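In structure tokens, one chain follows: the form deposited in one PDB entry.
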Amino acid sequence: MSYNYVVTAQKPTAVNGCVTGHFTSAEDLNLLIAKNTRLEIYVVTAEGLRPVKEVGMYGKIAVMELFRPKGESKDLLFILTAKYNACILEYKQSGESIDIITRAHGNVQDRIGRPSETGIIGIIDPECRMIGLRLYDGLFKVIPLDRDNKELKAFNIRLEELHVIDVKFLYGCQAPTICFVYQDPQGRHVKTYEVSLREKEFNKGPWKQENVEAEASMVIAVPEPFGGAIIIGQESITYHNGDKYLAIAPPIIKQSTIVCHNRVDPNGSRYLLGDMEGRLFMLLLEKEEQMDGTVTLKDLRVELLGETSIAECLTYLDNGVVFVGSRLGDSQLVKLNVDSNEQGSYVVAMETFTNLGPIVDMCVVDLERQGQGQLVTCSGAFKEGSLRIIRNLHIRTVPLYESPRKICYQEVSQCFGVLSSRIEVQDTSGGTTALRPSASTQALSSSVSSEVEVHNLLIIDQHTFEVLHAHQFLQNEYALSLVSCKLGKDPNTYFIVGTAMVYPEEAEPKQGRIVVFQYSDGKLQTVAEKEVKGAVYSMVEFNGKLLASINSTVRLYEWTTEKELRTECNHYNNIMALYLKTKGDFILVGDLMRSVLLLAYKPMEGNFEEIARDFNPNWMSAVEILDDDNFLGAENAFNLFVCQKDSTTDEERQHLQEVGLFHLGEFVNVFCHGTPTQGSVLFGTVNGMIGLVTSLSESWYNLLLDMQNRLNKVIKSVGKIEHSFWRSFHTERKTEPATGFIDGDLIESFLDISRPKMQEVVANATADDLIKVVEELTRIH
């Protein structure tokens, strides 16, 4: 039996949502930030952002909206989690005492219905008549906002349009009205429906259905006096309001997809737009006053303001200050001003907030000492791409201005090997050109192998993090895997790269290479090349041999005295062998769709033996070997699981048993290794969260499990979500309670509760016994 302990070393740093309103008081202007499970509450003060309280919800925040129904002196908060936990929250302060009251709560999941492509959409009617939710295709869920009733009886309305792109409630409507963009075989269209609470149905919308651009992706509900809706596409921005129709096709927006918006003025005169390149635009709605006192929209205009971090969300604060919520790079506070600077930009960065996400790869090293470990990650994407050096947390940032993909440390060379990718565009003359300088184009020296992605192997100095050398791979060649190792009887240490040939004509790679490089005298020399018939997804040094996965085959190569790779054996029983980990002669294979399998290299046979497989349809993201008998897996539904060899018949031994299950709530990209607990496995995630997994004895697990049940009776949950429900292994197929896993964050929270509450937790052991237990557990990270 396997007992594991999971604890947070670094909380998620990526921002997935940001809203402004009057939540803490009617007078305070607040900024609320959602960082997956974390909710940060700030007061916009004279100093600039005063933190008031940070709360961790037992769920992944999917919807976060402030709203003010009748009779409320301040805004209330609506939150919907990824597990469909709905709640309405009220902030209450009494002197020095702060409490978040759950006004209403319940789970709004449907047993039927398939989760939508553009995901969960949660919208609130401007008159606060109802909450609208797009959770599944073909259904529109409505939560009536009635205060004089014991239960908020939610209902589903059938939506004929099965593929809705975006939806919003319209302003200035006598009857609550939704406006949505949808796709069908005839293209994309904009449609409206009135929502009847009385009949529990849709009524014909105020304006006729209209055809829109093929890539129309977002709806903006314009406030009164204008009313109507703005639809953002790839090449056009249109306005719709009954008879009124305005359309602009500015060439300035064509290059990159606009992915976020925020209203600057309460009357909707100005909006901020953010694109995939990090460009910031101002959308201007030019008005005209009518003699009947009504204001009509005369024209639309777009102006480029400058560049910010690639924005997931934007929020205008006060006095030209904008918060840039980033998921791919660092978040910011930017200042908007009328006079352009030296480059001609109208945007000036005021503050930068560290974001480690996405952590695509990482490695643990002893750079400065001998016994002290530092974490070096491949962080961010595109222009935000960086290396982050983390130690006990102190964070050092190395900007790359391109996407880092893989990292390996080479001690003998006092350097790191980093695989990276940069975007190049097809121009008028010659081949393709880089749009911005980056690490691969700014190296001390460079070599070449003997919109599009240009791949490189970067040699970065372990002390200064200077780009010493950049080796560019072949045209259309994508570098997928990297290792730094010695092979066979050869005393040299090599950087080994696994690649794939990616063409704009085919879907799957049928060609690639394994390239052996040696770094010497500030340059990379190609020692050997080995042609393969597919993508080299993963490579691991294996007992002086090279283990590699090519499409659906796991292969073992031997390194000869003639400096050549020679195929020894193959394993073909895979769909896509994406992940490889080894311990002794054992190999853990992570499949993209078939969970995990265990192989054993047989030295006396010169072949592999398939030991056992986990017969579960897990879509893997990362794998790790905890010990000889325990295998850790992370999958697409944000869950962790532990597999164990079934402890009479060969068929019984050939079946791996899932003995540990836990809903992490994060997407794990990498696991790396680096008396109360045993072992230490660090993990990097898409949200920049860093966690730790360690093993426990049976007695330690039993005490800590009892402790969780005792703590759960004392610690109240915001939105009244049960801790056990949150940590329950959950997929579209099944929901099972967590087993063999202790929530380290929950047990650590014991040191934060008052002494009178500690005695009630430890009742029928002393408070001091458990204080000593929890304190030694905090020292593991």
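We call the rigid core whatever largest set of C-alpha positions still superposes within 1.5 Å between the two forms. All residue numbers refer to positions in the sequence shown, first residue = 1.
The following text describes the form deposited in another entry, which does not appear among the structures shown.
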Which residue moves between this form and the one not shown, judged by a Cα shift of 2 Å or more on the rigid core: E506, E288, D628, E698?
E506
Superpose on the rigid core, then tell me if the C-alpha of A535 is displaced by 2 angstroms or more between this form and the one not shown.
yes
With both forms fitted on the core, give yes or no for whether the Cα of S549 moves by 2 angstroms or more between this form and the one not shown.
yes
C-alpha of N570: shift of 2 angstroms or more between this form and the one not shown, rigid core aligned?
yes
